[PDB]
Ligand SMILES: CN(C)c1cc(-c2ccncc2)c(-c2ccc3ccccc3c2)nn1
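In structure tokens, the next block holds one chain alone, the form solved without the named molecule.
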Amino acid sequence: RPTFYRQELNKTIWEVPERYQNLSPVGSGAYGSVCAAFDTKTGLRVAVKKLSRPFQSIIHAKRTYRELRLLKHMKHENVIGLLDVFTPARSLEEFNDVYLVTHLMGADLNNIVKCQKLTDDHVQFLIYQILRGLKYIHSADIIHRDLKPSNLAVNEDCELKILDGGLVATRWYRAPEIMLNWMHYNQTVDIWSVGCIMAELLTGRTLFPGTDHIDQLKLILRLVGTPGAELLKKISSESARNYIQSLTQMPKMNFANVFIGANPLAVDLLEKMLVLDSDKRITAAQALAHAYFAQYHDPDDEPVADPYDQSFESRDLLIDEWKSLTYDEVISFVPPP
């Protein structure tokens, strides 16, 4: 058990091991406040996040546990990972706070696209890193479900990590089937998001800046064209169907005419990501082997994950059960190399 010290930072008492120093609040991020701190053990600067009311409710408690499980599991260069987790509590009876420690990040993808104008070499490397991490995530049977610029960290060296949550409307990046509340959707919902992000990186503009979920569908159909017979057959919702069939057909634009001036190989990959039919959407693994990434692809350096047990997602438990499970996970944490 490390030696802890206490400190009032704006709002609350922070209690952290003496190994973490010069704590300096950097804002409210990804449900809980975050200080940057100096890790005297490694000589590196880090982010320490104190979770906000981790056990306020069944909902909060289960998400504290979800988030500890996920962050403990992710071990990959392009996905946020866990350097440390701790609590000042010494016993389950005292257990109220959870602190998570990760690399200090600084900027998200949104911060980058907003100043500069990205060259093709940059889009290749950013997208490559997204897909590489997404292959890993997908191979755990996890679907991210919220890929968007503010959930992607990018340092000064243009190295990227997929985030659990923000350091940019979700709707702009959401697969059309989620927008129609279609159940059973597969991994490829993330591949659609990656297509929207890629398009934005090439053009400087949000691909489909919808004002609500209906507008969003309009904008999406302007680009890809009204669904073919084979796809309407699958809809079920009669209002979705009448909505899609109403308005004058505006069928498939020429991606080449929309991305005029982008590398033709980027246009081709885009067409394969941004397919309505999620059955026919290119996978993270397939996309990695697309000639667009010939400069970066290495099939022996694109690793997959240990299978992730997410059955707990299928339980309704008591707050003290969720809290006891999280407690076991704090206690059993093994720090990285």
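One rule holds for the numbers: they count along the sequence shown, beginning at 1.
If you look for the form deposited with the named molecule bound, you will not find it shown, but the lines that follow are about it.
Next on the checklist: Quick check on this chain: with the named molecule placed from its pose in the bound PDB entry by superposing the site C-alphas, is the site open or blocked (blocked meaning at least 3 ligand atoms within 2.4 Å of backbone or C-beta)?
Outcome noted: Here the site is blocked.
Checklist entry - Of the residues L104, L207, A262, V258, which one places a heavy atom within 4.5 Å of the named molecule in the bound PDB entry? => result Flagged contact: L104.
Checklist entry - Tell me which of 283-291, 45-53, 297-305, 266-274 has residues with heavy atoms within 4.5 angstroms of the named molecule in the bound PDB entry? => result Partner-contacting stretch among the options: 45-53.
Next on the checklist: Checking a candidate spot here: are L71, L82 and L100 all in contact with the named molecule in the bound PDB entry (at least one heavy atom each within 4.5 Å)?
Outcome noted: Contact check passed for all of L71, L82 and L100.
Next on the checklist: Just checking whether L163 would be counted as a contact of the named molecule in the bound PDB entry - the rule being heavy atoms within 4.5 angstroms.
Outcome noted: Although the named molecule is absent here, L163 would touch it in the bound PDB entry, with heavy atoms inside 4.5 Å.
Checklist entry - Is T203 one of the residues lying within 4.5 Å of the named molecule in the bound PDB entry, judged by heavy atom distances? => result Although the named molecule is absent here, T203 would stay clear of it in the bound PDB entry, with no heavy atoms inside 4.5 Å.
Checklist entry - Hey, in the bound PDB entry, is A61 touching the named molecule, heavy atoms inside 4.5 Å? => result The answer is no: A61 has no heavy atom within 4.5 Å of the named molecule.
Checklist entry - in the bound PDB entry, does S139 have a heavy atom within 4.5 Å of the named molecule? => result It does not: once the named molecule is placed as it appears in the bound PDB entry, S139 has no heavy atom within 4.5 Å of it.
Checklist entry - Which residues in 118-150 have a heavy atom within 4.5 Å of the named molecule in the bound PDB entry? => result Only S150 sits within 4.5 Å of the partner.
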